[PDB]
Structure formats: C-alpha cells, structure tokens
C-alpha cells in the first residue's frame, strides 16, 4: 500500500498529507476551502512530517527515505529547501 504522513496547524485547520507512492512523495493541502495538490514533489518510499508555528507562520519538515538515505525538506515560507538533517554522525 501507499504510505502517508500528516500534520496540521491552527484552528481552521490547515492540513498537509504527504503520500509515498511508487517511489514518489506528493502533497495534498487543506486550508478550509477544498483539497489541492501542493508544490512538494520529491523522491521517497517512506515519509514522516512535523511542523510548528512561529507566530502565524508555519514551518514544515518532511523526512523522505529511500533505501538507507533520509533527506529533510524544509518549508519556511519560500518553497521547499534541503535541510541539514543526516541520519548519523
């Protein structure tokens, strides 16, 4: 089966659901008005996510894994950028 991860924030709420399907992770978004496909699109067979608010601004971290390699993807208001995470050392 496909594998998913979810996060949410605020009281609307906003929800983001990430799905790993055939080696690709995609993103589905709710901001109160309907579901839409988000900008996130990166390789992975497994996904997890966390997020936090700084005031009203959301910050999201998606951890995408293929084989033994886990890559962190960061949203901080300006598109998806690679994070400093590594699995060891």
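Positions refer to the first chain, counted from 1. Rigid core here is just the name for the largest C-alpha set that superposes within 1.5 Å across the two forms.
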Out of 2 to 10 and 80 to 88, which one drifts farther from the shown form in 4 other deposited structures of this protein in terms of CA positions, with the fit done on the rigid core? 80 to 88
Of 51 to 59 and 30 to 38, the stretch with the higher mean C-alpha B-factor in the deposited entry is 51 to 59
Residue with maximal Cα B-factor (values as given in the PDB entry) among 19, 14, 65, 78: 78
The third of the chain into which the C-alpha temperature factor of residue 87 falls is the middle
CA B-factor ranking of residue 8, expressed as a third of its chain: middle
